[PDB]
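To start, the structure itself, in C-alpha cells.
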Amino acid sequence: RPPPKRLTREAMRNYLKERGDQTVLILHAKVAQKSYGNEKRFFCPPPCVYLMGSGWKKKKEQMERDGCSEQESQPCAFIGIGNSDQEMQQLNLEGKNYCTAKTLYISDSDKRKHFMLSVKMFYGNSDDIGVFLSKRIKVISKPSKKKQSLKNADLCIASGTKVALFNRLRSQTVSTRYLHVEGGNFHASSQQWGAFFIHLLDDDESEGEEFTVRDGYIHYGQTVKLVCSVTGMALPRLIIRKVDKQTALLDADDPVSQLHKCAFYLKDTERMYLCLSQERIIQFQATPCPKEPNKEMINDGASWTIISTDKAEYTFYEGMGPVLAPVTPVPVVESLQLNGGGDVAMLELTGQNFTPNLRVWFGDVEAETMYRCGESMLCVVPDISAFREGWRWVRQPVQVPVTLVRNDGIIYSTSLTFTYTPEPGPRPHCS
Amino acid sequence: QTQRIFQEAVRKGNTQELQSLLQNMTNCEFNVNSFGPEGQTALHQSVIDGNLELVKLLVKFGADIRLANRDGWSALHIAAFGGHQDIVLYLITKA
Amino acid sequence: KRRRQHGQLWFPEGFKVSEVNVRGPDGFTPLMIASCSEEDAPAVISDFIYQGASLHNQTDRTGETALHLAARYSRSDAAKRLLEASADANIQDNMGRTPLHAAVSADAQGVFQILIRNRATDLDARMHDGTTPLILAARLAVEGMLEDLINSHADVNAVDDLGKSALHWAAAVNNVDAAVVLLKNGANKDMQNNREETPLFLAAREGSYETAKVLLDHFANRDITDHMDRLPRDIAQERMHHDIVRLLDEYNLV
DNA sequence: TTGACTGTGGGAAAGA
DNA sequence: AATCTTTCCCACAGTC
C-alpha cells in the first residue's frame, strides 16, 4: 500500500503556478417537508451537486494516462441521510457537469429536528474520493401559512439570503419548472436553478443596478429585487403577494414564511404579473378583481413557491499524487488571527473541520503547527530569511499565501493572504 | 569617485576624530545625506550604533533630520527602537 | 442602509409599461515603535508619551495601536506608562482584538497582570467572532492566566457569535485545569450552543478523556441530543473513541 | 379499455 | 378563546 508522502517544495511551487483546484459545490435548500407513514413528498428543489474547477479536467487526463476507460474514470455519486442506513440513492454523471437528486424523502419514523445531506463520491475504478456533507436542513410538517410574526420566528426570509422559486402545474409532480438564469436570459428550466439573492428595497429608489439596500425581515406587500448569485442578471422591482386558489392577495402585511405561493407585481403595470408560459417566462394579465380590490384572480402557472437555500463548498488538490486515504475531511478557514510577535510570532487559525493530520504552509515554506481543536490551530511564523535570503529582518511588506497540507500531500486552498509586517529596527530580541 | 565611498566606509569605524578631520576640510562632491549600502544614511546607521557625538556632528553639517530612508523610516523610528534616549532629544529639538 | 450590491437588468417583452509623530510606513508612530522595542527604552517610552504624542493611533494594515503592540511584544513597562498616560484599553483592531486579547494570546504575563488590575479594562470584551479573553485563556491552555480573570469577576457563562462557552473550548482542547476552575466558579455544566451541543459532546468528539472524566465527576447529563439528535456516545462511536464510550458506559452512573 | 399505484395540495381533526 | 404545530385523511391528474 502507498505510504504517506510529505509535500515537497517544488510541488508547492507547481501548485502556485498551475492552481488546478478540484472544487466541489453543493446547492440545497434549508427546509425539508416531512413525509408521514408511507408517503413520499419529495424535496421540491432537488439538491444540485456542481463540480466547478479547471483541475477536474486534469484529473480526467492523469487517470486516463494510467490506463483507465472513460466509464472507469467517471465519478459515481451516492446521496443519503447519515444517521440511518436506508441505502444511498445513485447519481450518474455521464456527460454532465452537475446533477440533481429529485427522488429523496424523509419519513416520520425519524424524529430529528435538523439533518444534513451526505454525498459519497468515488470513481468507477474503485478509487475513493470521499464523503462530503452539506449545511443543515430543518424538518417541517406544514408551512407556516397563518399570520406569523417576528417575535420568535426565524423561518422567514432575510434580505440578502439565497432563495429559490419553483412552480407546480395542477398538482403534477413532473410539471415542476424551476427559475434559472443562463446566457443573460431568465429561463424556466425544469432541470437547473441558481441561488437568488433577494434584497428589500425602499418604495422610492432608482431605475436599477444602483440602489439603497434595506435591512429587516421580508413581508408581503413590500418591494424586493431578485439577483442571481452567479450571473448577476437582476430583475426590475417586484412586489411579493401571497396567492391561493388561483387568486392573488395583495393587502397582506404578514411575513414571508417558508414554502409560500407568492406572486410578483411590477409597479404601474396594471395587473401584468411575472408568470411562466411552459418553457419561458412571460408577463400575464390576470384581470378579474370583482370580490375585493385586494383579490385578483390569477391563472395557473403562477403559484411560485419560495424556499431558502444554502451553499456548501469544499476545494482541494492532490499535490503529491493520488493517495489511498479519502479526502473526506475538508478543512475550512473562516478567519486568521495573530499570537505574539518577534521570535514568538505565532498565528491562530479559526475554521471548521480541521484535522490533526494537517500542517500550514506560508506560501512555499513549511512551518511548525500545533493542533488545538477541530476548529482552531496554532502555528509558528517562519523567519523572513526563508523568503529573502540576504534580509536579516523584515524590510518591506511581503504578501505570501497561506494553505493547508495533509500528511499524504493533499493540498487544500484558502482565500487568505499573510502579510509580513515591516520592521523599522534591525535585529529583533538579540540574545 | 573614491571620495564618495569614504563616509559609507568611515562611519563604520566609530571614530569622531577622523570624522571631524575629514569634515573640517569638508568636501566638494557634496555627498551630504548619502544613502548607504542598506539605503540608510550615515545618520541612520550612526543612530543604530548609538553614539551621540557622531549624529550631532552629522546634524551640524547640514544632514537633514526629517528625511525618510530608503525603506521609508525617519531618523526618529530607529532612535525609538534602539532605546537611546539622548538621540530623540536632538531629533525632537530640531523638529 | 449605506452599501449596495449591483447587478444587471433584464426584462420580458414590453418595458414601456413602467411609464513630531511621523506617519512613516503603514501606521507606525514613533511612540508605537518605542513601545514595540544601558538602553533606557522604558524611559524613552516615558519621554515619548509626554509632549505632543498621539496615543490613539491605529495601524493601517492590522488596525492595532501602541498598547496592542506593547501587549503583543510583551512590553509590560511600556503598557504601564501608557495606561498611566490616560490611554484606552477598549480599542478594537481590524480583527476585533482588544489589548487584553493580545496580552492573553501573546502570553504577556506582565501586561496581563497590569490590565486585570486596571479599573476601566473590559473582561467580557467581544471580538469580531465574539471570543472573550476568558475563552482565549482556556483555548491556549496558558497556566494561571484563566483564574486571574475569574477572580476579577469575569463572565464564565459567556458565549461567542456561534454560542460556544468557555467550558466548550476547555472540553475541546482538553484543558483540565480550565474546566475544573470554571466548574468550581459556577460554570453551566450543560450549556447548549446555537448548534445544541453540550461540552461533553465536544469532549467526546476530539477524544478528551480527562475533561469528560471531570464533567462526569460534576454530574453532566449524558443524554442530551444535538441538532441531529446525536448523543455524545454516538459521536464517540462514530469517531471511534472506544475508551470514551466505556467512560460513558461505566463512570458515575445515576 | 380497467386495476393498482403515486407525489402534492387542501381541509377536517387533534393537541398545544 | 384566537392563533400555531403536528397527524392523518382524500380527491386531481396524470404515469405505470
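Chains: A, B, ... in order of the C-alpha cells. Residues: from 1 per chain. Ligands: from 1, in order shown.
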Between chain A and chain B, at 7 Å or less, what are the per-residue closest atom pairs and their distances in Å? Count only C-alpha atoms, order by chain and rising residue number, and return it as a Markdown table.
```
| residue | atom | partner | partner_atom | distance |
| --- | --- | --- | --- | --- |
| A:395 | CA | B:71 | CA | 6.7 |
| A:396 | CA | B:71 | CA | 7.0 |
| A:424 | CA | B:78 | CA | 6.4 |
| A:425 | CA | B:78 | CA | 5.8 |
```
Would you export the selected residues with C-alpha atoms as a PDB file, in the first residue's frame, please?
```pdb
ATOM      1  CA  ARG A 395      12.308  45.316   5.392  1.00  0.00           C
ATOM      2  CA  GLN A 396       9.146  45.842   3.311  1.00  0.00           C
ATOM      3  CA  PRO A 424      11.956  49.665  11.484  1.00  0.00           C
ATOM      4  CA  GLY A 425      14.702  48.235  13.672  1.00  0.00           C
TER       5      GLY A 425
END
```
**OP:** Please identify every residue of chain A that has at least one atom no more than 10 Å from any atom of chain D, counting only C-alpha atoms (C1' of nucleotides), and report them as a ChimeraX atom specification.
**Re:** /A:39-42,168,170-174,245
Can I get the selected residues back with N, CA, C and O atoms, as an mmCIF file, in the first residue's frame?
```
data_model
loop_
_atom_site.group_PDB
_atom_site.id
_atom_site.type_symbol
_atom_site.label_atom_id
_atom_site.label_comp_id
_atom_site.auth_asym_id
_atom_site.auth_seq_id
_atom_site.Cartn_x
_atom_site.Cartn_y
_atom_site.Cartn_z
ATOM 1 N N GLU A 39 -45.908 7.775 2.879
ATOM 2 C CA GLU A 39 -45.916 8.762 1.812
ATOM 3 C C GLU A 39 -44.489 9.022 1.331
ATOM 4 O O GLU A 39 -43.519 8.444 1.827
ATOM 5 N N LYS A 40 -44.361 9.914 0.350
ATOM 6 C CA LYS A 40 -43.047 10.242 -0.188
ATOM 7 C C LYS A 40 -43.023 11.625 -0.828
ATOM 8 O O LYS A 40 -42.697 11.757 -2.013
ATOM 9 N N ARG A 41 -43.354 12.661 -0.061
ATOM 10 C CA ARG A 41 -43.265 14.026 -0.570
ATOM 11 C C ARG A 41 -41.800 14.383 -0.796
ATOM 12 O O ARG A 41 -41.036 14.532 0.163
ATOM 13 N N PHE A 42 -41.409 14.527 -2.059
ATOM 14 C CA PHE A 42 -40.027 14.839 -2.381
ATOM 15 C C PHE A 42 -39.699 16.293 -2.058
ATOM 16 O O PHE A 42 -40.579 17.142 -1.893
ATOM 17 N N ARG A 168 -45.763 24.484 -9.666
ATOM 18 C CA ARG A 168 -46.460 23.199 -9.657
ATOM 19 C C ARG A 168 -47.752 23.365 -10.446
ATOM 20 O O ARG A 168 -48.649 24.097 -10.019
ATOM 21 N N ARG A 170 -51.088 22.242 -11.450
ATOM 22 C CA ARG A 170 -52.267 21.416 -11.181
ATOM 23 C C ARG A 170 -51.890 20.110 -10.480
ATOM 24 O O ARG A 170 -52.295 19.019 -10.891
ATOM 25 N N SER A 171 -51.104 20.233 -9.409
ATOM 26 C CA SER A 171 -50.751 19.102 -8.547
ATOM 27 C C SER A 171 -50.057 17.985 -9.327
ATOM 28 O O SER A 171 -50.255 16.799 -9.055
ATOM 29 N N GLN A 172 -49.241 18.362 -10.307
ATOM 30 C CA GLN A 172 -48.469 17.410 -11.095
ATOM 31 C C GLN A 172 -47.011 17.449 -10.657
ATOM 32 O O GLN A 172 -46.423 18.529 -10.531
ATOM 33 N N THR A 173 -46.433 16.268 -10.425
ATOM 34 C CA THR A 173 -45.065 16.197 -9.920
ATOM 35 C C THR A 173 -44.048 16.551 -10.998
ATOM 36 O O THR A 173 -43.080 17.271 -10.734
ATOM 37 N N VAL A 174 -44.250 16.053 -12.222
ATOM 38 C CA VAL A 174 -43.297 16.293 -13.305
ATOM 39 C C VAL A 174 -43.402 17.693 -13.887
ATOM 40 O O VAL A 174 -42.504 18.117 -14.624
ATOM 41 N N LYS A 245 -55.752 29.376 -4.365
ATOM 42 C CA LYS A 245 -56.941 29.104 -5.176
ATOM 43 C C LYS A 245 -57.030 30.086 -6.347
ATOM 44 O O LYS A 245 -57.993 30.845 -6.490
#
```
Please produce, as a Markdown table, a per-residue contact table for chain E versus chain A (criterion: any atom at most 8 Å away, only C-alpha atoms (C1' of nucleotides) considered), showing the nearest atom pair and its distance in Å to one decimal, sorted by chain then residue number.
```
| residue | atom | partner | partner_atom | distance |
| --- | --- | --- | --- | --- |
| E:4 | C1' | A:146 | CA | 7.7 |
| E:5 | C1' | A:141 | CA | 7.7 |
| E:6 | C1' | A:141 | CA | 6.5 |
| E:7 | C1' | A:36 | CA | 7.8 |
| E:12 | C1' | A:171 | CA | 7.0 |
| E:13 | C1' | A:172 | CA | 6.7 |
| E:14 | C1' | A:172 | CA | 7.1 |
```
Original post:
Interatomic distance between CA of residue 37 (chain C) and CA of residue 75 (chain C)?
Top reply: 7.6 Å
**OP:** Step one, run DSSP on the backbone; step two, keep only residues of region 101-160 of chain C assigned to alpha helix (DSSP H); then write them as a PyMOL selection string.
**Re:** chain C and resi 101-105+109-116+133-139+147-151
For the residues in that selection, give me N, CA, C and O atoms as a CSV table (one decimal), in the first residue's frame.
```
chain,number,residue,atom,x,y,z
C,101,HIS,N,-6.9,40.9,24.7
C,101,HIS,CA,-6.8,39.7,23.8
C,101,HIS,C,-5.4,39.5,23.4
C,101,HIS,O,-4.9,38.4,23.3
C,102,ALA,N,-4.7,40.6,22.9
C,102,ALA,CA,-3.3,40.5,22.5
C,102,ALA,C,-2.4,40.1,23.7
C,102,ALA,O,-1.5,39.3,23.5
C,103,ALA,N,-2.7,40.5,24.9
C,103,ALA,CA,-1.9,40.2,26.0
C,103,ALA,C,-2.1,38.7,26.4
C,103,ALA,O,-1.1,38.0,26.8
C,104,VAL,N,-3.3,38.2,26.3
C,104,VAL,CA,-3.5,36.8,26.6
C,104,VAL,C,-3.0,35.9,25.5
C,104,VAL,O,-2.4,34.8,25.8
C,105,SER,N,-3.1,36.3,24.2
C,105,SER,CA,-2.7,35.4,23.1
C,105,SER,C,-1.1,35.4,23.1
C,105,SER,O,-0.6,34.3,22.9
C,109,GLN,N,2.6,38.0,30.4
C,109,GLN,CA,2.3,37.8,31.8
C,109,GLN,C,2.2,39.2,32.5
C,109,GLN,O,1.2,39.5,33.2
C,110,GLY,N,3.2,40.0,32.3
C,110,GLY,CA,3.2,41.3,32.9
C,110,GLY,C,2.0,42.2,32.4
C,110,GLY,O,1.4,42.9,33.2
C,111,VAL,N,1.8,42.3,31.1
C,111,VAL,CA,0.8,43.1,30.6
C,111,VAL,C,-0.6,42.6,31.1
C,111,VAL,O,-1.5,43.3,31.3
C,112,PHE,N,-0.7,41.2,31.2
C,112,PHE,CA,-1.9,40.7,31.7
C,112,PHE,C,-2.2,41.1,33.1
C,112,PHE,O,-3.3,41.6,33.5
C,113,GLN,N,-1.2,41.0,34.0
C,113,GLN,CA,-1.3,41.4,35.4
C,113,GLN,C,-1.6,42.9,35.6
C,113,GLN,O,-2.2,43.3,36.5
C,114,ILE,N,-1.1,43.7,34.6
C,114,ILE,CA,-1.3,45.1,34.7
C,114,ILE,C,-2.7,45.4,34.2
C,114,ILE,O,-3.4,46.3,34.7
C,115,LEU,N,-3.2,44.7,33.2
C,115,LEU,CA,-4.5,45.0,32.6
C,115,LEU,C,-5.6,44.6,33.6
C,115,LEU,O,-6.7,45.3,33.7
C,116,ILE,N,-5.5,43.4,34.2
C,116,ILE,CA,-6.5,43.0,35.1
C,116,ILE,C,-6.7,43.9,36.3
C,116,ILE,O,-7.8,44.1,36.9
C,133,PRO,N,-11.7,37.1,26.2
C,133,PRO,CA,-10.4,36.7,26.8
C,133,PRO,C,-10.4,35.5,27.7
C,133,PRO,O,-9.5,34.7,27.7
C,134,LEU,N,-11.5,35.4,28.5
C,134,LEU,CA,-11.7,34.3,29.3
C,134,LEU,C,-11.8,33.0,28.5
C,134,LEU,O,-11.4,31.9,29.0
C,135,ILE,N,-12.2,33.1,27.3
C,135,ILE,CA,-12.3,31.9,26.4
C,135,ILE,C,-10.9,31.7,25.8
C,135,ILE,O,-10.5,30.5,25.6
C,136,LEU,N,-10.2,32.8,25.4
C,136,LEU,CA,-8.8,32.6,24.9
C,136,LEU,C,-7.9,31.9,25.9
C,136,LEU,O,-7.1,31.1,25.5
C,137,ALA,N,-8.0,32.3,27.1
C,137,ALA,CA,-7.1,31.7,28.1
C,137,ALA,C,-7.3,30.2,28.2
C,137,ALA,O,-6.3,29.4,28.4
C,138,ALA,N,-8.5,29.7,28.0
C,138,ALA,CA,-8.8,28.3,28.0
C,138,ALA,C,-8.4,27.6,26.7
C,138,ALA,O,-8.1,26.5,26.6
C,139,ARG,N,-8.6,28.4,25.6
C,139,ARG,CA,-8.2,27.9,24.3
C,139,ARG,C,-6.7,27.7,24.1
C,139,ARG,O,-6.3,26.7,23.4
C,147,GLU,N,-7.6,31.7,35.9
C,147,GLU,CA,-8.2,32.0,37.2
C,147,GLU,C,-8.1,33.5,37.6
C,147,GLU,O,-8.9,34.0,38.4
C,148,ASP,N,-7.1,34.2,37.1
C,148,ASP,CA,-7.0,35.6,37.4
C,148,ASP,C,-8.1,36.4,36.8
C,148,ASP,O,-8.4,37.5,37.4
C,149,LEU,N,-8.7,36.0,35.7
C,149,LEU,CA,-9.9,36.7,35.2
C,149,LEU,C,-11.1,36.4,36.0
C,149,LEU,O,-11.9,37.3,36.2
C,150,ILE,N,-11.3,35.1,36.4
C,150,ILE,CA,-12.5,34.8,37.2
C,150,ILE,C,-12.4,35.4,38.6
C,150,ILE,O,-13.5,35.9,39.0
C,151,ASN,N,-11.3,35.5,39.2
C,151,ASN,CA,-11.2,36.2,40.4
C,151,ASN,C,-11.4,37.7,40.3
C,151,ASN,O,-11.8,38.4,41.2
```
**OP:** Would you mind writing down, as a PyMOL selection string, each residue of region 167-332 of chain A that DSSP on the backbone assigns to strand (DSSP E)?
**Re:** chain A and resi 180-182+185-187+196-201+213-214+223-228+238-242+248-249+260-265+273-277+280-284+295-296+304-314+317-318+332
Write out, as an mmCIF file, in the first residue's frame, the residues just selected, with C-alpha atoms.
```
data_model
loop_
_atom_site.group_PDB
_atom_site.id
_atom_site.type_symbol
_atom_site.label_atom_id
_atom_site.label_comp_id
_atom_site.auth_asym_id
_atom_site.auth_seq_id
_atom_site.Cartn_x
_atom_site.Cartn_y
_atom_site.Cartn_z
ATOM 1 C CA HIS A 180 -32.953 29.732 -13.646
ATOM 2 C CA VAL A 181 -30.671 32.287 -15.307
ATOM 3 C CA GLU A 182 -28.345 31.388 -18.172
ATOM 4 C CA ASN A 185 -31.682 35.081 -20.157
ATOM 5 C CA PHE A 186 -34.193 34.135 -17.459
ATOM 6 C CA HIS A 187 -35.249 30.532 -18.115
ATOM 7 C CA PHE A 196 -31.072 34.092 -5.878
ATOM 8 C CA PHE A 197 -30.272 36.943 -3.524
ATOM 9 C CA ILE A 198 -33.425 38.854 -2.570
ATOM 10 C CA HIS A 199 -32.911 42.467 -1.495
ATOM 11 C CA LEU A 200 -35.619 44.529 0.181
ATOM 12 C CA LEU A 201 -35.772 47.964 -1.457
ATOM 13 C CA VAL A 213 -30.488 48.481 0.182
ATOM 14 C CA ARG A 214 -32.729 47.930 3.197
ATOM 15 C CA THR A 223 -40.687 45.883 -2.823
ATOM 16 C CA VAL A 224 -37.978 43.282 -3.445
ATOM 17 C CA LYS A 225 -35.294 42.698 -6.070
ATOM 18 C CA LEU A 226 -34.002 39.320 -7.256
ATOM 19 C CA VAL A 227 -30.359 38.868 -8.287
ATOM 20 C CA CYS A 228 -28.788 35.622 -9.460
ATOM 21 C CA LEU A 238 -41.196 43.308 -7.804
ATOM 22 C CA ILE A 239 -43.842 43.067 -5.067
ATOM 23 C CA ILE A 240 -44.385 39.673 -3.420
ATOM 24 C CA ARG A 241 -48.053 38.756 -2.921
ATOM 25 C CA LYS A 242 -49.404 35.554 -1.375
ATOM 26 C CA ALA A 248 -53.669 36.746 -5.736
ATOM 27 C CA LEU A 249 -53.891 38.572 -2.399
ATOM 28 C CA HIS A 260 -45.183 30.103 0.277
ATOM 29 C CA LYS A 261 -47.041 30.578 -3.022
ATOM 30 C CA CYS A 262 -46.173 34.215 -3.701
ATOM 31 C CA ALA A 263 -46.688 36.456 -6.727
ATOM 32 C CA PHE A 264 -44.582 39.310 -8.091
ATOM 33 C CA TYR A 265 -46.101 42.608 -9.237
ATOM 34 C CA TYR A 273 -47.655 39.585 -13.160
ATOM 35 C CA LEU A 274 -44.482 37.565 -13.888
ATOM 36 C CA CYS A 275 -45.850 34.161 -14.972
ATOM 37 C CA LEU A 276 -44.497 31.189 -16.930
ATOM 38 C CA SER A 277 -45.629 30.036 -20.369
ATOM 39 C CA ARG A 280 -40.157 30.735 -20.977
ATOM 40 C CA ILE A 281 -41.278 33.407 -18.510
ATOM 41 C CA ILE A 282 -43.808 36.000 -19.748
ATOM 42 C CA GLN A 283 -45.999 38.673 -18.170
ATOM 43 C CA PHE A 284 -49.652 37.663 -17.723
ATOM 44 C CA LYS A 295 -58.328 39.919 -4.564
ATOM 45 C CA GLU A 296 -57.011 39.401 -8.108
ATOM 46 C CA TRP A 304 -44.390 30.408 -7.445
ATOM 47 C CA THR A 305 -43.381 28.689 -4.213
ATOM 48 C CA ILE A 306 -40.390 30.217 -2.411
ATOM 49 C CA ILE A 307 -37.719 28.373 -0.414
ATOM 50 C CA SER A 308 -34.373 29.447 1.038
ATOM 51 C CA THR A 309 -31.155 27.665 0.084
ATOM 52 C CA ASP A 310 -27.576 27.419 1.363
ATOM 53 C CA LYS A 311 -24.296 26.543 -0.375
ATOM 54 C CA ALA A 312 -21.611 24.057 0.680
ATOM 55 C CA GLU A 313 -18.167 24.260 -0.924
ATOM 56 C CA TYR A 314 -15.050 22.113 -0.470
ATOM 57 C CA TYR A 317 -5.950 19.414 -4.818
ATOM 58 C CA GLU A 318 -3.639 16.388 -4.950
ATOM 59 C CA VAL A 332 -12.240 25.385 6.044
#
```
Original post:
Which of these residues is nearest to chain A, using only C-alpha atoms: C:253, C:215, C:162, C:181?
Top reply: C:162
**OP:** Skip residue 9 (chain C) itself and residues of its chain fewer than 6 positions away, then list as number ranges by chain all residues within 8 Å of it, counting only C-alpha atoms (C1' of nucleotides).
**Re:** A: 208-209, 233-236
Subject >> 12 Å contacts from chain C to chain B using only C-alpha atoms, as number ranges by chain >> reply: C: 20-49, 51-53
Residues within 9 Å of residue 60 (chain A), please, as an mmCIF file with C-alpha atoms, in the first residue's frame. Count only C-alpha atoms (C1' of nucleotides); anything in the same chain fewer than 5 positions from it doesn't count.
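Result file is out-v8.cif:
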```cif
data_model
loop_
_atom_site.group_PDB
_atom_site.id
_atom_site.type_symbol
_atom_site.label_atom_id
_atom_site.label_comp_id
_atom_site.auth_asym_id
_atom_site.auth_seq_id
_atom_site.Cartn_x
_atom_site.Cartn_y
_atom_site.Cartn_z
ATOM 1 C CA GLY A 55 -8.414 20.891 -12.204
ATOM 2 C CA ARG A 65 -2.813 8.468 -18.735
ATOM 3 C CA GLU A 70 -13.971 6.759 -19.897
ATOM 4 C CA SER A 73 -12.599 7.262 -14.832
ATOM 5 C CA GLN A 74 -16.068 8.755 -14.296
#
```
Subject >> Contact residues around residue 287 (chain A) with only C-alpha atoms (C1' of nucleotides) at 8 Å, ignoring same-chain residues under 5 positions, as a VMD selection string >> reply: chain A and resid 271 296 to 298
Subject >> Between CA of residue 151 (chain A) and CA of residue 30 (chain A), distance in Å (one decimal) >> reply: 20.8 Å
